Amino acid sequence: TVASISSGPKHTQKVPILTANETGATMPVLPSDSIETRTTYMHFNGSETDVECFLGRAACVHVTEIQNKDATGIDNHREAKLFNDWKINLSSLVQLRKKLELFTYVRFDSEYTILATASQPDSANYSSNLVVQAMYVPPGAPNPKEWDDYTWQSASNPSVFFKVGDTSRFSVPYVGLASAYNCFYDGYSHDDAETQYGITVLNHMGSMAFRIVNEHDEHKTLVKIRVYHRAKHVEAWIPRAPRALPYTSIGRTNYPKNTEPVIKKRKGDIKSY
Amino acid sequence: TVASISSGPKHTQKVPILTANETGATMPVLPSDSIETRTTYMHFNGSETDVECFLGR
Amino acid sequence: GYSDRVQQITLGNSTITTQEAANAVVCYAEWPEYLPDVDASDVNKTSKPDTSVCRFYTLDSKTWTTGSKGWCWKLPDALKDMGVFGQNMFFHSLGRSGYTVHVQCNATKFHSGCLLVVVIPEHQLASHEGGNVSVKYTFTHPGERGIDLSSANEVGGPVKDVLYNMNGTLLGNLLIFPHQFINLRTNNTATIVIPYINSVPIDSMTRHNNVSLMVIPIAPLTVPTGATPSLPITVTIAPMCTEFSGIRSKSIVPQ
Amino acid sequence: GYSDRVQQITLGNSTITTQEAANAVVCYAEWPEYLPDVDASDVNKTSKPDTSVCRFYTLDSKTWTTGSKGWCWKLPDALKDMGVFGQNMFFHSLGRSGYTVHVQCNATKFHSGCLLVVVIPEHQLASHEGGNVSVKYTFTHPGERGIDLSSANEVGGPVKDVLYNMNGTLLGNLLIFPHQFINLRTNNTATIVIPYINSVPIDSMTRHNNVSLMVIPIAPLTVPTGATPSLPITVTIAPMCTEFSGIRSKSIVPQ
Amino acid sequence: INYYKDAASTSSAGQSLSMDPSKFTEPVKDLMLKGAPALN
Amino acid sequence: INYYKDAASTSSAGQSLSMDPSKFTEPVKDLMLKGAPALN
Amino acid sequence: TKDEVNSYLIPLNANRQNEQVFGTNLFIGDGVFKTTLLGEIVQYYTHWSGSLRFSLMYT
Amino acid sequence: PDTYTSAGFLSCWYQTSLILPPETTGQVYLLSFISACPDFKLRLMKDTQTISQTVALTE
Ligand SMILES: Cc1cc(CCCOc2c(C)cc(-c3noc(C(F)(F)F)n3)cc2C)on1
């Protein structure tokens, strides 16, 4: 594959470098169209910039917390973090979000990796070997209310049991209801004057609940859970303007008020180098 | 596998939507039996509802 | 003697001519088409009114002044009240369509100004309030009037900073979307053919706007010494390959 | 075991069933069809909404009592406000259509009564005033409600004597027109398929009613001892092979 | 070799190797030849 | 490849791919044709 | 007020014209459908698609 | 039940009206049935909200 062909002097009626950008087209002008060039080869395929590679690596998409402690007298297990849940979404942590939002529609399979790390902030005689249970609770499935509900039986919901300090790994097929996931959605759930706007109404993927299976020890253990997402078998459509301003909320395109200029201001002239 | 066949207007002596449930049978009536339909495909096998899968976890 | 500048577009009983065009853009190089069986899900036979809805509808003219920020229309919203197309929109549960957008603006060889005409699929607007505030239905359904980017914020409405495309992205990058410029010194019209773009075969035409059209002044308007400091901008849109499905009662929408 | 009595008619997304029919009449043995090139004059490509207008619309039910004289509807008038069909009617200069008329009326094997259901092409009504008085637009455009033959005369309106078919001809000879009877002891529904009948290829659908449908009690209603002395009559009509031409502004008609 | 029954569990797809920028760079109705006047 | 001697130790069977609802939907003695009067 | 054979009986009234007999939204995983075999099985899954067969038998 | 994903509404009305014969009085009822067409698809298995317990059952 040639990068540049050999091209010499020129004196024509054919002017490749004069165009009309109001047509909306970006004419494929090459260096050999405006200067004398020599032959060079690409020695390059562009593998690393393939959308499969671009979205094909794990990125942290959520961090949450649960803890192992005596549940005696706790009236709201959920609030006490005896167990916690995550309303599944990929737009909470901004790094992966900006990448995905480089496109309008996106379709792919997902590979999840869940890392659980223990912590004992105050006096403990040892570190306990806790087992985490991550259960997927799809829309319509009964949500856990107590860390040891009948819901954790998980007869139909899928769930993994892994050691804290260890990692959990599994993949999920493309689960969108449509032919592709929407990164943006200029619409509502119905024609209502007050209903929510944006993908907020589209990305209703249920949530996944986490808990520590072990009963409590004398001391209290804080387990932090990090979920990583890697896309595979990727397809992307309709490229768009990259995000410029900071995000403020999951799902909305909203940006903060009194935000700072994102375009750098010259320390001098428009003639400055 | 077709999900729905193409079906147009109708004016017959053949009434597929009139049955007698006291027979104990659930006649396989389709949308194309009561409305005008277009052709669509299943793109679906029903793997996840196989008893092997249902009790298989 | 055929030129990129002279064109005629005939849809239904409506025809458009322009003697100062700059070619025409066909979004993602795809001409609109009807929904093929292989992609269909909805089993209802669809209705194709053809020429009674696939024709040019001219919106109300806007006035481009030395201080204009820009305008934003949404489809199919902008045509929600246009003849038979509009009626079909509310009488059916689902619908799908493509369009030919034709923006007009003439001046003289003494004027100067440059409008960016761009089509943005799934243009989800942002709330000027930031945080997690939503943008109420009415404010993204301005209809034929469209949204004036130089108008003041309003409760429940979207942010209208031209610089941030009403969505947190920079104006300069709007060119990644199918667009065209109306550079008075070259142009006087912009034409964009939009094919149906969505993650579903067909969809609700009232609760979802597939794309929004934006006409944004980049190089400000300049009129010759002592001339009227304004120019009109006219938007004409024609639906094409329009299909409606699931006919019934007729929606009653917010406001 | 197929019978003349059991039938199903499916048009668009609407279906009708009857288990006590008496066959069905096809006016002059001709099924409705679209306008062929050889007969066309108007050069405009026509619009064929198909299933969005070719479906069954059910009018308001009438009440048949021991003293009812009869009812008269006019087409396309009676459907002037029915969904997309109605809209197309007023948005186009011209149109042409056929219909499937289905009149319903059930009772019991103890009741008795006989309704004449007839379709009359060019049913030009007479003025009760005689002389050379005309019948004003509104009075021949009752819409879905229809004209009640037992109602009193009104200024500008038509004569309503059932015996004289509202036009100076005798009731008994109405049978020369495509008709059917709903004889409670035999029937419960009447079905008539009407092809487009006119001296012109296509026509205005607001200023001209091609046919009028009449439901006239011949043998009076009779209910069993102590039963409600009334029965409802329902009229359902579906346009077929409907074509519209010359789309524009949308008529504004008298009243 | 694939160890699992479902497609979703396989590893990455491998370079699409299609690459056609023209649907974004030249989405014009009338073909424009490099060198020929853009507006004739 | 199966690593164990007994059948019970192998993994899931894979879609039966039979699917005949009629033994539940139409367990009638005399065949009933869609469209023909249910009770003749 | 409680589960009864009567909750399966849709009342029909003589000599009523135009009137409505019954109504219901079509969330097959809730409401009237929730306890039916269809609704019951449907609830073992998150997504559904296809056509429903609704029948009425006169008694 | 999800709004964006709603299926619509089902209703029944009197086309004409119910007529009873002599010496017959009161109410007649309709029985309604629901089932899926071969059209039907179901996916993403999950636990149902139609069953639960507070403690393990014993013999
Ligand atoms: C955009 C976009 C795309 C997606 C896909 C979300 C996938 O949702 C899941 C997740 C996050 C986990 C599981 C899952 N299955 O088993 C487990 C367990 F191990 F966590 F229990 N988790 C299943 C689905 C459908 O979400 N937002």
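All values below come from the heavy atoms of this structure, side chains included, with hydrogens, waters and symmetry mates left out. Numbered from 1 within each chain, the chains take letters A, B, ... in sequence-line order.
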(request) Please say which of G/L26, G/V32, G/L52, G/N25 ends up in a side-chain contact (heavy atoms from CB on, under 4.5 Å) with H/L10. (result)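 For H/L10, the side-chain contact (heavy atoms from CB on, under 4.5 Å) test succeeds with only one of G/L26, G/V32, G/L52, G/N25, which is G/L26.
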(message) Side chains of H/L30 and G/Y58, heavy atoms from C-beta outward: is any pair under 4.5 Å?
(response)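 Yes, side chains in contact.
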(message) With heavy-atom distances below 4.5 Å as the criterion, would you say the side chains of H/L31 and G/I10 are in contact?
(response) no
(message) Please classify the contact between G/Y44 and chain H as side chain, backbone, both or neither, with a heavy-atom cut-off of under 4.5 Å.
(response)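 Interface part for G/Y44: both.
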(request) Verify, without hydrogens or angle tests, whether G/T59 (side chain) and H/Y29 (backbone) share a donor-acceptor contact under 3.5 angstrom. (result)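 The answer is yes, because a donor-acceptor pair under 3.5 Å joins these two groups.
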Which distance, rounded to the nearest 0.5 Å, do you find between the [atom1] of [X] and the [atom2] of [Y]?
| X | Y | atom1 | atom2 | answer |
| --- | --- | --- | --- | --- |
| H/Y14 | G/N13 | OH | CG | 4.5 Å |
| H/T5 | G/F27 | OG1 | CZ | 8.5 Å |
| G/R53 | H/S35 | CZ | OG | 4.0 Å |
| H/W13 | G/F22 | CH2 | CZ | 10.5 Å |
| H/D47 | G/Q43 | CG | CD | 11.5 Å |
| H/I51 | G/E40 | CD1 | CD | 9.5 Å |

(request) May I ask you to check whether over 12 heavy atoms, not counting those of G/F54, lie within 6.0 Å of atom CZ? (result) yes
(message) For G/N6, is the CG atom crowded, meaning more than 12 foreign heavy atoms sit under 6.0 Å from it?
(response) yes
Heavy-atom pairs under 4.5 Å with chain H - which of [options] has more of them than the others?
| options | result |
| --- | --- |
| G/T24, G/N15, G/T35 | G/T24 |
| G/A14, G/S55, G/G50, G/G23 | G/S55 |
| G/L37, G/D30, G/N18 | G/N18 |

(message) Regarding H/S11 and G/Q20, do their side chains bring together a donor and an acceptor under 3.5 Å, going by distance alone?
(response)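 No - no donor-acceptor pair under 3.5 Å links their side chains.
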(message) Only heavy atoms, only distances under 4.5 angstrom. Which residues in residues 18-26 of chain H are near chain G?
(response)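 Interface residues of residues 18-26 of chain H: H/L18, H/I19, H/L20.
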(request) Determine which residues belonging to residues 36-43 of chain H lie within contact range of chain G, meaning some heavy atom pair is under 4.5 Å apart, and list them by number or answer 'none'. (result)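 At a heavy-atom separation under 4.5 Å, chain G is reached by H/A36, H/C37, H/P38, H/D39, H/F40, H/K41, H/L42, H/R43.
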(request) Would you name the heavy atoms of G/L56 and H/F33 that are closest together and state the gap between them? (result) N-CD1, 4.5 Å
